[PDB]
Amino acid sequence: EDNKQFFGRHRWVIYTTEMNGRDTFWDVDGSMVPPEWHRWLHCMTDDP
Amino acid sequence: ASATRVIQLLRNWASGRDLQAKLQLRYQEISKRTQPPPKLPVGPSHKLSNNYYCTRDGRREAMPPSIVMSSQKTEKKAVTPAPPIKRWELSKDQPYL
Amino acid sequence: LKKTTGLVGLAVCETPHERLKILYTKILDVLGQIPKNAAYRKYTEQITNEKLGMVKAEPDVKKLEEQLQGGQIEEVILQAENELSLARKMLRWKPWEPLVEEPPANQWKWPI
Amino acid sequence: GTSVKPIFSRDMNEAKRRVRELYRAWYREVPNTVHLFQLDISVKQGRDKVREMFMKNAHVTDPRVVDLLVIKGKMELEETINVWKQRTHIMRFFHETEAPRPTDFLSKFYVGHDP
Amino acid sequence: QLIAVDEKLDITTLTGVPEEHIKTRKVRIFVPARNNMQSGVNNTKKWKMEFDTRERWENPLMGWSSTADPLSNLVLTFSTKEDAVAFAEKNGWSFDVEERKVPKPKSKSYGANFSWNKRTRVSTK
Amino acid sequence: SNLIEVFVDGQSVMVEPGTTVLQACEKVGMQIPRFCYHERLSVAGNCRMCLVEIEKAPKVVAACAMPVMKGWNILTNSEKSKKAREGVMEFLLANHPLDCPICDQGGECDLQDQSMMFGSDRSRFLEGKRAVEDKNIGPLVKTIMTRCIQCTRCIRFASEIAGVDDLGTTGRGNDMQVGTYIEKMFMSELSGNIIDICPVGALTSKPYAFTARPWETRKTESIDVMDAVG
Amino acid sequence: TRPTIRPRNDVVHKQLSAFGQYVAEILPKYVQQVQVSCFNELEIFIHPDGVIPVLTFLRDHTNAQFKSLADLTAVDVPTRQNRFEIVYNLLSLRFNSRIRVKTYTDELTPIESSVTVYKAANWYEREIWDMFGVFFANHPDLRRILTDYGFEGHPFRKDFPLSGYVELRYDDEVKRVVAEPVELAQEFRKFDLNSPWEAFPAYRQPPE
Amino acid sequence: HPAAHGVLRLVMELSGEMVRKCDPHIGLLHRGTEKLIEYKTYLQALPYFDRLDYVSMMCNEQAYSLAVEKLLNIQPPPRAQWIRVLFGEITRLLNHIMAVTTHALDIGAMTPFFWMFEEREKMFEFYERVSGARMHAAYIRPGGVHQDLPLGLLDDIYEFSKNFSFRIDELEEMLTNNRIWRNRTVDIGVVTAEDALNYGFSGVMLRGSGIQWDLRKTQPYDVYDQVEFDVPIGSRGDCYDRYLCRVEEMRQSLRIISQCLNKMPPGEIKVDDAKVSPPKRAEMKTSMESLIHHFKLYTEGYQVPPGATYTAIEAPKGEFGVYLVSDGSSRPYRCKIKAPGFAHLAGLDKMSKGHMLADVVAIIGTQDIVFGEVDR
Amino acid sequence: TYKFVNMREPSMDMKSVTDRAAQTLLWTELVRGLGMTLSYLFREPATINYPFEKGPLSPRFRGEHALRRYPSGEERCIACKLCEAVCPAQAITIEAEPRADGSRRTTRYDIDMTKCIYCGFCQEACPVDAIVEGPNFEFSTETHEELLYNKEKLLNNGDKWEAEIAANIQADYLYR
Ligand SMILES: C=C(C)[C@H]1Cc2c(ccc3c2O[C@@H]2COc4cc(OC)c(OC)cc4[C@@H]2C3=O)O1
Ligand code: SF4
Ligand code: SF4
Ligand code: SF4
Ligand code: SF4
Ligand code: FES
Ligand SMILES: [Mg+2]
C-alpha cells in the first residue's frame, strides 16, 4: 500500500509466478487472490 | 498533489482556475472503509400498548371510487378542474444566466 | 411595446383588445345558434361574457392579464380562437342530445 | 340484426372485391420480391405460396373478419415492398427447416402422446 | 351505419394461434375446488378456463422439466360460466363445462352434543 | 313461513330457526374466521376466533355456536370484532413455534393466513415458549405437537367420523396435550383425513414430508379408482 | 392513523367531483359514468362514438384546456363482451389537473383515431393495434410498431401465451435465422399464490 | 450505428444529404416487460423498472413505488422520502451527464465524455455502497427504501458534491461559447410551444420552448415541496437552449443535493407496517408474527386493493408514468408504462424537417433517447 | 421559480464591438478550449492498474452465489423454498426430501446464472442466512454450461469463500 496515492491506486498486489500448478509469470488474473486478501484488496475493509 | 509546483502553475494558467483547490481524485478526505456498528432506531409502531393494528391499517381504509352521475341512475356557475395556476416568479437568486 | 412573448411560435400581438373583442363577439354569435337549454351554450356564454366585460373594463394590458388569469394575453387570444372552433364543432355534433346507447350490464364492473 | 358496425365493407361482395384487389397486388409484387431479396425460389413458387396463404382463410363468412384479413395482408405487402422485411422473414412462409409432422394415426401413436 | 351480420362469431383466423393449438386442444371451464388443507373459500368464487395437460419430460442436462406446450400455463378468469363458454366458442376451442358445486346447508346445534337419548352425545369435549 | 329475518351489517336475510351467526354471515357471502369450527364436525366453541359483535349487545358471541335471534344485526367488521380477533390471534401465536420454514403447512396454513388477514403484525410477548414432546400414532400421520393450537378437530373427527376413541386431551391448563396417553397407533381406513382437518403442521403427511410447497403444485381434478365409490 | 397512513385531500376531491358533474352536464350524449377515486383521480366513462367529440371538448374548452395527452393504452378483460378498454390520460397545464377518459371496444369494432385531436396519439394507437389488435379508423399510417416483422397474434391479449408460439435460431443449412415452434428446456413454473381468505371487506361482491 | 444510441432502425429518405423523411423503426429492444410484470408479484416486478430506463434507474423505482403506495393507501417515512429525493437528484446528475456527453460525442467532441464519466463512476460507487449494485439497485421499494445508509455515506456524498461544479464549469468552457458547437446546435430542431404540447413532449423538450412546467414544482411528490431550486427555461426551442437547460438543471440538482444533505432527519427507513414492508431479521428470528409476515411477504406478497392509478414523476428525461391496475390480488393485473422518449421519437420526424444528416444526428442526441423505456 | 438561460443582450458600445471582432478574427474562445485540454494533459490520470489494483467495493456487493454452513459443518439450508418463490427470474430450482437422519435438506439446488439478475432477493428471503451473494465477480466462463450451478458447485463456493462471506455479513447484518 501507499496512502499518498489517490483512492484506487493506494493498494496493490504483485502476483506470484507459480500458482497451484501453472506458470503465472505472464498469465495472471484477479481470481488468484485468496478471499481474505480479496476483502482487503477491494477496500471492503481497512484491516489486513 | 505529487505534481511539481511549476506544473501546477502551468495547469492553473491554462485552465484559468486554481485546480489544487478542487481536485477530482480522492486522496484521504473520504470515509474509512471500516466503520463502527450502527443502532438504527425503531419506527412509531413499536409500542407495547395502545397499538391495535386496526387503528393503523391503511390498506383497509381504501374504498371503491365514489360515483358521480350514473347514467343508469338556478344560475349554476361554471367550474374548472382546479383553480388556475399562479404565474411563476423570476428567481431572485439569479434570474438570467 | 412588449417583445419576446416567451413561447416559441407565439407572435407578439399588437392591438390585443380589439382582437379579443372580435373573437368573443364571434363566440357569442356562434353560441346563439345552439339551443338555449343546452348546458354548453349557457356555460360558454357565462364565461365569454365575463371575459368580454373584463376586456372592455381594463385598458391596461398587464392589469388585464392579471385579471383574466389567462396567462399572457396572446395565449388568451389563442384560447378564444380554440373556443370558437370548438363552438362550431359542437354545433355540428350536438352533444346535448340524450345518451346514444347504454353500456352492457357489467361493462364497467371492477374487479372483473 | 345483431347490431354490428362495419369497417369498410357492408356486405360480402365489397369484401371479395377488396380481396381480389389485394390478391392482384401480391401477384404483381411477387417477381420484384424474388429479385430484390435474391430468393432461391421461383416466381411460380412465390405465387403458389401467395395463393395458399389466401386459401387458408377461404372459409370466413364474416365481412368484418375479411376486412381485417385484408388490412393485415396490406400491412404484410407494404412491409415486403419497402424491404422492412429481411430474407429470413420472407422465407419463414416456407418452413424449410421444420421436419414434416405426420398426420396418420399410426405414426402419431409411434412418436409420442400428443394427438 | 349497421350492416346486419347474420353469422356466429369466429375470430380464429385473426388470433394468430397455430391451427394445431386450435383443433386438438380441449379446455376445461370450471370453478376450482376448495383446497382441502384450508377452510377459506375465496378461491372458489370465479370461473376458470384451463387447457389440457400435455407432455413434460426431463432435460438431459440438469434434469429440468421441459415442455413443448405453449398453452400449459394459460389460465383465464371469468365472472360467469356463460362468459367463459362464449370466449371459448368465439376462439374455436372445444370445451367441457362442470357445474359449480356448492356445499349444502348444514343444520348445526351445539346443544345436540349433550343429548338425553340420541347418539349425537359426545364422549369428550 | 318459519324463516326469521336477521341483519348482517344492516343487510336483511331470511334464515331458518337454529341457524348460527356464522351461517347467517355465510348467507351474504361473508366468511367468519375460524379454527375449531368444521361444518362436518360437532360444534366446539373453544378456539374463540369467531367472536363477533351483535348490535346493542355489550358481549361478543361465538358465531359458530350461537343461534341467531330474530331482528339481530351482526356487525362483522366493527372495532369490537376486529379487536377480539386480534387478541385471540395474539394468544394463539404466544406459544406457537417459529417453525414456518421447516413446517409442511407453510403456504397452506390457516393460522398464517388468518394472522395476515385478521391479526396484528407484531409480537409483544417477551417470555419463553412452551414445548411438548411428540407422539407416534403410526407411519402415515407425522406428529409435531408443539404446533398444536388445541382446536380438538382431530378428536372430534376420530370420535364421530372414523368411529374410534383413541384421541383425547390429557392434563389441563396450558399443559393440556392432544394425544393417546399411551403408545398407540391410530390406524383406520379414514385416518389420513385428520391431516386435512388439522389447520396447522401439528399433523402432517409422513410420505409427503418436505417434498413440495403448495404454491408450486399444479392441481388436476380427477377420480379415484382404488374402489367402486368413485 | 397518523404516521403510516396516506393523508386525504378533500378539496381536490370536491373540485374533481364538481368538474365531473360539469363535463357530464355538457356532454350527455356520450358520458355514461363519472367517478372520483379515493386518491383524487377523475375518470369519465363514455360511449365509443363520442371519442372525438369528448376529447375535442376537453382539449378546447376554456375551462378544461387539457392540451397534453400523457398516455393512451388498452386493458384486456376477456370476461366482458367488449374485450378491450381504451384509456386516455390527459393533462391540463393551465389548471394543473389530470383527467382519465375510458371507453370500450371488441375485436371487430373499430375506434375512431384521435390523431386529429392529439398528434401524440399516433404511435400510441399503433401500439394498441400491435399489442391488442384494436383497429383505429382513419389512422394516417397504421402498422406494427413493437413486434417483429411478420409476427402473428397480439401478445398483450390475456389468452396469448407468455412465451408465444415460435422461437428463433440460426440454421447453418439454410444459412439464415429461422423460426420454429417453441420448446423450453425448463418450462415456466406457474405459482398459485392467491390466499383462500378475503383481504378487503370493502370490495366484497354480492353472493349472486 | 454509433449515433443510433442503441437499437434504432431509422429509415431515412434523403435528397443528397437533405433529409426528406424520417421513419424510426423500434421494437429491437421490446422484451415484453408488461406481460412479464403481469406474471409477477409487486416486489418481483420492481427490478423491471430498473431496466426500463437504464440511466435513471432509481427515478423509475421511485415512480413505481409511488404508484404502489398510492394504491396501498400507505405512507413512506420521512427519512425514506429524503433519501429518495437525494438519490433521485444524484440519478438526475447521472442521466444529464450521460445525455450531454453522448450528445457532444455524436456531434464530434469526444473529450468531455471521459472527464464526466469519472464523476459517473463515483456516483456508481454511491449506488453500490447503498445497495450492493452499481446500476440496478432495486433500493427504492413500494414501502420506502430497502436498507439504511451506511455510517459514512453522507460525508462522501458531501465531498463529491462540493467539487462537481468545477467539472460543470470545465464542460461549459469546452462547449458553451464554442462557435463550432453553437453552429452545430443553434436553430437546429426547432419546435414551437403549441406543437410541443400537442405532440406530447415533456421535460426539457417543453422547457426549451419556453413552456414553464416542472412536475417537481407543479405536482410535487415526496419532499420536493421543502427544497428550493430554479427551473431553466429556453427562448428559441432549439438544441442549444436544451443543452443550456440541462447544464443549469445539473447545477440546480447540486443545489437540491446540498439542501437534502443538510436536512436528513432520523427515523426508520420503511413503513412500520409489517403487512407491506418486511420486518427486521432479528424480529423475524425472534417473533412469531414477524416470521409469519416475512414468510407470507416473500412467498405470496402483499395484496393491493383493487383500483387503477396513473402516477407520474419528473424523471430526468421528462414525465415518466405508470398506469397500474390492481384486481385485489398480490399480482398486478395491468401495468402500462409511459416513457417520454416514445413521444419524443414520434416527433423526431417533425423536428427534422429541412435539415441535413448531421442535424438529424444532433436532434437524436438532443431528444435524450434510451430505448429500454421506448420499447419496453 | 424559474430562470432564463438564453435571454441576454450584447453590449453595442465601440469597445465591446471591437472585442467581439477580435474574438471573431483571432479565435479567443478556441484558444480557451485548447487551454482547458492542455490543463488536463498535465493532470494525473484516473486510471488504475488492473488487475494489480482493484476498484473499491462494499460489504453489500452482490456477486457469485454461495450456500453456507453452520460452524459445526452442517448446512444452513432447510429447503423452505422461500428463495425459489421470491426469485424474480425463476432462476432457482429446488428438490427436497427427508435425510437419512430425518433432517429437512435439499436433494437438488440449482441456480441458473444466465437467468439470474443478481438482485439479492433470495438472500433477503432466506431465514437462516443459507444462500448469499458473495463478493466474487471474476467468474467468467468459456462455455454456457459452466454457468448452470448445482448444489455441489454452490456448496463448493461457500466452502471457498466463507472466510470473506462471514466478515462481510458481520459488517452489514446490523443494517438488515
Ligand atoms: C465511443 C466511446 C467513447 C464510448 C461511447 C460508446 C461506447 C460503446 C458503444 C456505444 C457508445 O455510444 C453510442 C452513443 O451513446 C449510446 C447510449 C446508449 O444508451 C445510453 C447506448 O445503449 C445501447 C448506446 C450508445 C452508443 C454505442 O452503443 O464507448
Ligand atoms: S403451523 Fe402454520 S404458523 Fe405454525 S410453523 Fe407451521 S406454517 Fe408456520
Ligand atoms: S393436532 Fe391439529 S386438529 Fe388436533 S387439536 Fe391440535 S391443532 Fe387441532
Ligand atoms: S439474486 Fe435475484 S435473480 Fe438471482 S437467484 Fe437470487 S432472487 Fe433470483
Ligand atoms: S437457501 Fe434459504 S430460502 Fe432457499 S430453500 Fe434454503 S433455507 Fe430456504
Ligand atoms: S370457530 Fe367459533 S370458537 Fe372456534
Ligand atoms: Mg396439518
Side-chain angles (χ1 to χ4, degrees), chain B residues 85-97, chain C residues 2-10 62 65 71-72 75, chain G residues 93 96, chain H residues 85 88-89 92-93 95-97 99-100 103 161 164-173 175-177 181-182 185-186 190-193 196-197 201-220 224-260 314-319 366 368, chain I residues 1-11:
Chain B
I85 51 103
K86 280 329 261 204
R87 277 217 289 81
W88 280 4
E89 277 315 327
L90 190 52
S91 174
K92 309 302 100 203
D93 188 26
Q94 153 174 52
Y96 291 86
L97 206 70
Chain C
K2 170 192 72 184
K3 63 190 180 295
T4 74
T5 291
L7 298 167
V8 177
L10 196 63
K62 283 87 192 91
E65 286 174 1
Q72 255 207 351
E75 334 179 69
Chain G
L93 286 81
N96 199 8
Chain H
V85 163
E89 285 322 299
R92 186 167 322 255
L93 281 187
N95 183 86
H96 277 19
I97 284 184
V100 164
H103 189 37
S161 296
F164 190 63
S165 180
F166 265 47
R167 314 277 85 81
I168 312 184
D169 289 328
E170 285 161 357
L171 169 74
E172 280 210 81
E173 265 292 278
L175 290 181
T176 283
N177 287 313
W181 173 258
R182 294 180 39 91
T185 37
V186 163
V190 165
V191 60
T192 67
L197 271 169
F201 292 179
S202 44
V204 181
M205 306 283 315
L206 293 180
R207 279 170 229 121
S209 289
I211 294 172
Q212 308 189 349
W213 187 254
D214 200 296
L215 281 186
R216 294 172 289 161
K217 285 285 181 57
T218 67
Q219 300 164 6
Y224 265 121
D225 48 320
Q226 319 190 25
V227 287
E228 290 287 19
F229 64 103
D230 315 333
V231 172
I233 298 291
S235 295
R236 331 247 309 149
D238 58 344
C239 298
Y240 187 66
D241 274 3
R242 294 186 276 268
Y243 151 83
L244 295 170
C245 281
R246 293 195 170 91
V247 168
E248 190 47 46
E249 253 145 28
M250 286 192 302
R251 310 195 168 273
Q252 300 301 318
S253 276
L254 268 178
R255 191 175 177 193
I256 303 172
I257 284 174
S258 73
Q259 293 177 76
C260 292
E314 182 66 56
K317 281 158 148 81
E319 161 177 330
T366 202
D368 199 343
Chain I
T1 291
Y2 72 105
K3 49 156 73 167
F4 290 117
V5 300
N6 214 32
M7 266 304 276
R8 259 182 195 309
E9 55 271 15
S11 300

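What you see below is based on every heavy atom in this structure, not just the backbone, and it leaves out hydrogens, waters and symmetry mates. Numbered from 1 within each chain, the chains take letters A, B, ... in sequence-line order.
- Side chains of I:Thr1 and B:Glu89: no donor on one and acceptor on the other come within 3.5 Å.
- Put simply, the side chain of H:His96 reaches to within 4.5 Å of the side chain of H:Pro316, judged on heavy atoms.
- Counting heavy atoms from C-beta outward, C:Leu10 and C:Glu75 have side chains that approach closer than 4.5 Å.
- To the nearest 0.5 angstrom, I:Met7 atom CE is 12.5 Å from H:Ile233 atom CD1.
- Going from atom CG of I:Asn6 over to atom CG of H:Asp241 covers 4.5 Å, rounded to the nearest 0.5 Å.
- Salt-bridge check for H:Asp368 with H:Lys317: passed, with a basic side-chain N closer than 4.0 Å to an acidic carboxylate O.
- Between H:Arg167 and H:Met250, the closest side-chain pair of non-hydrogen atoms is not below 4.5 Å.
- Note: H:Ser202 OG to H:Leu197 CG = 10.5 Å, rounded to the nearest 0.5 Å.
- The shortest side-chain heavy-atom distance between H:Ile168 and H:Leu254 falls under the 4.5 Å cut-off.
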| request: Take H:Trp181 and H:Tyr240, measure what ring-ring contact (aromatic ring centres under 6.0 Å, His included) needs, and give me the verdict at the end. | output: CA-CA 8 Å; H:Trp181 173 258; H:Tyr240 187 66; 7.7 Å; no
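- Geometric assessment of H:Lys217 against the ring of H:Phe229 yields a positive cation-pi assignment under the 6.0 Å and 45° thresholds.
- Inspection of the H:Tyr224 and H:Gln219 side chains reveals no N or O donor paired with an N or O acceptor under 3.5 Å.
- For the atom pair CZ (H:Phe166) and CD (H:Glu173), the distance works out to 11.5 Å, reported to the nearest 0.5 Å.
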| task | Before giving the answer on side chain to side chain contact (heavy atoms under 4.5 Å, CB included), spell out for H:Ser165 and H:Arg251 the whole-Å C-alpha distance, their side-chain angles and the decisive distance to 0.1 Å. | result | CA-CA 7 Å; H:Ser165 180; H:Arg251 310 195 168 273; 3.4 Å; yes
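- Under the 4.5 Å side-chain criterion, counting only non-hydrogen atoms from C-beta, H:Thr218 is not in contact with H:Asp214.
- A donor-acceptor distance shorter than 3.5 angstrom exists from the side chain of I:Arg8 to the backbone of B:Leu97, with no hydrogens or angles considered.
- No salt bridge links H:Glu172 with H:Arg246; every basic N to acidic carboxylate O contact stays at or beyond 4.0 Å.
- Side-chain contact between H:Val204 and H:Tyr243 is absent, with no heavy atoms from C-beta onward closer than 4.5 Å.
- Rounding to the nearest 0.5 Å gives a distance of 10.0 Å between CG of C:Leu7 and OG1 of C:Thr4.
- Rounded to the nearest 0.5 Å, atoms CZ (H:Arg92) and CD1 (H:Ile257) are 10.0 Å apart.
- Crowding of H:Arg236 atom CZ: a count of heavy atoms from other residues, nucleotides or ligands under 6.0 Å not exceeding 12.
- Between B:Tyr96 and I:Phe4, the two ring planes are tilted [angle within 30° to 60°].
- Comment: I:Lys3 engages H:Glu248 in a salt bridge, judged by a side-chain N to carboxylate O separation of less than 4.0 angstrom.
- The closest side-chain heavy-atom distance from H:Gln259 to H:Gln226 is not below 4.5 Å.
- You'll find the side chain of H:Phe164 stays beyond 4.5 Å of the side chain of H:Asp169, heavy atoms only.
- Between B:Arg87 and C:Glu65 there is no salt bridge, since no side-chain nitrogen of the basic residue lies less than 4.0 Å from a carboxylate oxygen of the acidic one.
- Counting only N and O atoms by type, the side chains of H:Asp230 and B:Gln94 include no donor and acceptor under 3.5 Å apart.
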